[PDB]
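So the structure is just underneath, and the comments pick up after that.
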Amino acid sequence: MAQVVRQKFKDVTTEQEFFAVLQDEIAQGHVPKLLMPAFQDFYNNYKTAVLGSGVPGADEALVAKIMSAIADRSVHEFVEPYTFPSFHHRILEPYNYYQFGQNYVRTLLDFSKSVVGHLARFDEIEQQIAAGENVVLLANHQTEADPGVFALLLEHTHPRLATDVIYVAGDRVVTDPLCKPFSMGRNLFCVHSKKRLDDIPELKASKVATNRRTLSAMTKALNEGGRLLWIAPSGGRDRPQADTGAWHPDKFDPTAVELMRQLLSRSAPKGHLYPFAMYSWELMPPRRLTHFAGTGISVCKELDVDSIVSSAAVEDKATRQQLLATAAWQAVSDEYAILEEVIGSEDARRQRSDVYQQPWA
C-alpha cells in the first residue's frame with residue numbers, strides 16, 4: 001500500500017484509498033487496530049449488496065463514498081466521542097447525521113418490493129400529533145437500520161412523522177462507538193435495558209443515573225404533547241429467522257408496554273398506543289451482514305386499553321399488563337405476516353395495493 005496517495009476519508013474515491021486512509025488512522029492511534037478486519041468484512045458485504053442491487057448509480061464509487069462517510073464518522077467518535085443526552089435531538093449541523101443514515105439505508109432498501117401499510121391511519125396519527133396529542137408505536141425491531149427504514153418509507157406521505165419520531169433506545173445503540181453515528185441522526189430517549197446493567201459494574205452507575213434523567217425528560221416532553229414515540233417492547237432486535245415453519249416477532253415485555261401506558265396516562269395531552277409492524281430483517285440480519293432487500297411497515301388499529309384489560313380485576317396488575325402487551329404483540333404479529341407475504345410476492349402486493357402502498361412510485 002506504500003504507493004497509494006491518500007489524505008482523509010472525506011477525499012476517498014476508491015476502495016484502495018479507503019483502506020490506506022484506514023491504515024493511516026490506525027497507525028496514528030486515532031482508531032483501534034481491530035477496525036481494519038471489521039471494515040474489511042463490512043466493506044466486502046456492503047460492496048456485494050450494492051453492486052448486485054441493479055440500482056442506477058450503485059457502482060464502486062458509490063460504495064467508496066458511503067463506506068468512507070461511515071469510516072469518517074467512526075473516526076470522529078473515537079477522537080471526539082459524543083455523550084448522548086437523555087433526550088437526544090437529531091444532529092443536522094455542522095454534520096448531517098440524519099441524511100448520513102438515510103443515504104446508507106437507501107442503498108440497501110429495495111423500494112420496488114417495499115410497502116407502507118394503512119396510510120389512512122398514519123393520517124390519523126398525523127392529526128393526533130398536530131392536535132398536540134401523544135402517540136406511541138409498539139414495534140418489533142429487526143435491524144439497526146430500522147430508523148432508516150421507517151423514515152425512508154414514510155418520507156413521501158408523512159414527512160413530519162418520518163423526521164420527528166423519537167426512538168426509545170439504549171445500551172450499545174448509544175454506547176458503541178461504531179453504532180453512535182447512525183444514532184446521532186435520530187431523535188432518541190436513552191433508556192438502558194434493565195438486564196444489561198452490570199456489564200462493567202463501574203458503568204452501571206452512569207447508566208442508572210441516565211435512566212432517571214430519561215424518565216424525567218420523557219415526563220416533561222410528553223406533558224408538552226405532540227410526541228411520537230417508537231419503542232420495541234421485546235427489548236432488542238428480533239431473534240434469528242427460522243429454517244422452516246412459521247416465524248413470529250419476539251414477545252413483548254409487559255413491563256415495557258406498561259411503562260409507555262403509564263407515561264401516556266399521567267400526561268396532560270391525550271395519549272394513543274398503536275401496534276406497529278416492521279419487516280426489515282432481510283436488510284441486515286444480526287459483524288454486519290447487508291443485503292439489498294424489500295422492507296415494509298404498517299400500523300395496526302389503535303389499542304383500546306380499557307376494552308382490552310377490563311375483564312381482569314383492577315387489583316390484578318400482572319394480568320392486566322400481560323393482556324395489554326399480548327394484545328399489542330398479537331396485532332403486530334398478524335400484520336407482520338401480511339407484510340412478509342406482500343413483500344415476497346408482487347402479486348400479493350398488487351392484490352392488496354389498496355392497503356399496502358408505494359407512495360414513492
Side-chain angles (χ1 to χ4, degrees), residues 53-55 102 105-106 108-129 135-143 145-162 165 228 230 232-234 237-238 241-242 244-252 272-285 291-304 307-308 326-361:
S53 78
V55 168
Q102 302 283 90
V105 174
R106 101 168 71 236
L108 297 177
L109 200 163
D110 183 353
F111 280 94
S112 69
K113 321 184 160 177
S114 290
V115 312
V116 47
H118 298 278
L119 289 165
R121 186 165 294 122
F122 287 110
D123 294 335
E124 316 189 296
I125 280 163
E126 169 60 16
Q127 278 268 75
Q128 300 170 307
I129 288 296
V135 169
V136 174
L137 311 172
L138 303 170
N140 68 303
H141 181 32
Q142 304 203 296
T143 62
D146 288 354
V149 174
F150 182 91
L152 291 157
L153 287 198
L154 219 31
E155 227 174 21
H156 301 77
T157 55
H158 292 87
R160 178 252 284 281
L161 304 188
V165 52
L228 174 68
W230 177 104
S234 76
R237 289 168 290 174
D238 283 333
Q241 290 294 304
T244 37
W247 185 94
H248 297 126
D250 289 16
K251 277 322 187 295
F252 280 8
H272 307 280
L273 290 178
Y274 286 90
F276 182 94
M278 177 175 285
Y279 185 87
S280 58
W281 72 260
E282 287 189 35
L283 287 204
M284 298 178 95
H291 300 293
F292 184 77
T295 66
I297 62 174
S298 175
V299 63
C300 323
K301 202 261 153 204
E302 174 187 350
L303 303 171
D304 177 358
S307 178
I308 291 157
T326 290
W329 172 90
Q330 186 62 64
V332 168
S333 172
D334 296 342
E335 185 77 352
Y336 176 94
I338 295 168
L339 283 179
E340 169 181 37
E341 189 194 336
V342 308
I343 292 164
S345 155
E346 199 188 303
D347 179 50
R349 189 223 316 135
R350 294 185 100 82
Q351 223 174 76
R352 302 171 176 275
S353 66
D354 58 335
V355 180
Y356 304 95
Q357 290 198 247
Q358 295 184 311
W360 47 91

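Heavy-atom basis, side chains included; hydrogens, waters and symmetry copies ignored. One is the number of the first residue; the rest follow in order along the sequence.
The closest side-chain heavy-atom distance from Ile125 to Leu161 is below 4.5 Å. A 4.5 Å side-chain heavy-atom check between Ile338 and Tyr356 finds at least one atom pair inside the cut-off. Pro285 has its side chain out of reach of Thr143: every pair of non-hydrogen atoms, C-beta onward, lies at least 4.5 Å apart. The shortest side-chain heavy-atom distance between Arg160 and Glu126 falls under the 4.5 Å cut-off. Using a 4.5 Å heavy-atom cutoff, the side chains of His291 and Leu108 are not in contact.
Side-chain rings of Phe150 and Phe276 approach one another, their centers coming within less than 6.0 Å.
Atom CZ in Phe252 sits 7.0 Å away from atom OG in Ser234 (nearest 0.5 Å). Note that the CG atom of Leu109 and the CG atom of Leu152 stand 6.0 Å from one another [nearest 0.5 Å]. The CD atom of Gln357 lies 10.5 Å from the NE2 atom of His118; values are rounded to the nearest 0.5 Å. Taking CD of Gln358 as the start and OG of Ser114 as the end, the distance is 7.5 Å to the nearest 0.5 Å. The structure places CD of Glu335 at 11.0 Å from CD1 of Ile297, a figure rounded to the nearest 0.5 Å. Rounding to the nearest 0.5 angstrom, the gap separating the CD atom in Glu302 from the CG atom in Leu273 is 7.5 Å.
The two residues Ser345 and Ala348 make their nearest non-hydrogen contact at OG-N, 2.9 Å. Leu283 and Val149 make their closest contact through CD1-CG2, 3.9 Å (heavy atoms, listed as atom of the first residue, atom of the second, distance). For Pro147 against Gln102, the heavy-atom pair with the smallest separation is O-OE1, 4.4 Å. Summarising the geometry of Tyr336 relative to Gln241, their closest heavy-atom pair is OH-NE2, 3.9 Å, with the distance given to 0.1 Å. Closest non-hydrogen pair, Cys300 versus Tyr274, comes out as O-CD2, 3.4 Å. Scanning both residues, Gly296 and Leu153, for their nearest heavy atoms gives CA-CD1, 3.6 Å.
Looking at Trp281, its side chain never comes within 3.5 Å of a backbone N or O of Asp238 through a donor-acceptor pair. Panel note: side chain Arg121, backbone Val299; a donor-acceptor pair is recorded below 3.5 Å. Here the side chain of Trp329 pairs no donor or acceptor atom with the backbone of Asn140 at under 3.5 angstrom. No side-chain donor-acceptor contact under 3.5 Å links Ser333 to the backbone of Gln330. No donor-acceptor pair under 3.5 Å is formed between the side chain of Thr295 and the backbone N or O of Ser280.
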Apply the test side chain to side chain contact (heavy atoms under 4.5 Å, CB included) to residues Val355 and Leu119: give CA-CA distance (whole Å), side-chain angles for both, the deciding distance (0.1 Å), then the verdict. CA-CA 8 Å; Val355 180; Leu119 289 165; over 6 Å; no
Worked check of side chain to side chain contact (heavy atoms under 4.5 Å, CB included) between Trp230 and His141: CA-CA 10 Å; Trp230 177 104; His141 181 32; 3.6 Å; yes
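In this structure, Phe122 and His158 have tilted ring planes: the angle between them lies in the 30° to 60° band.
Residues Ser112 and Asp110 have side chains that bring a donor and an acceptor to within less than 3.5 angstrom of each other. For the residue pair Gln128 / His272, a side-chain donor-acceptor distance below 3.5 Å is found, with atom types taken as modelled. Using modelled atom types and a 3.5 Å distance limit, the side chains of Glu282 and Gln142 yield no donor-acceptor pair.
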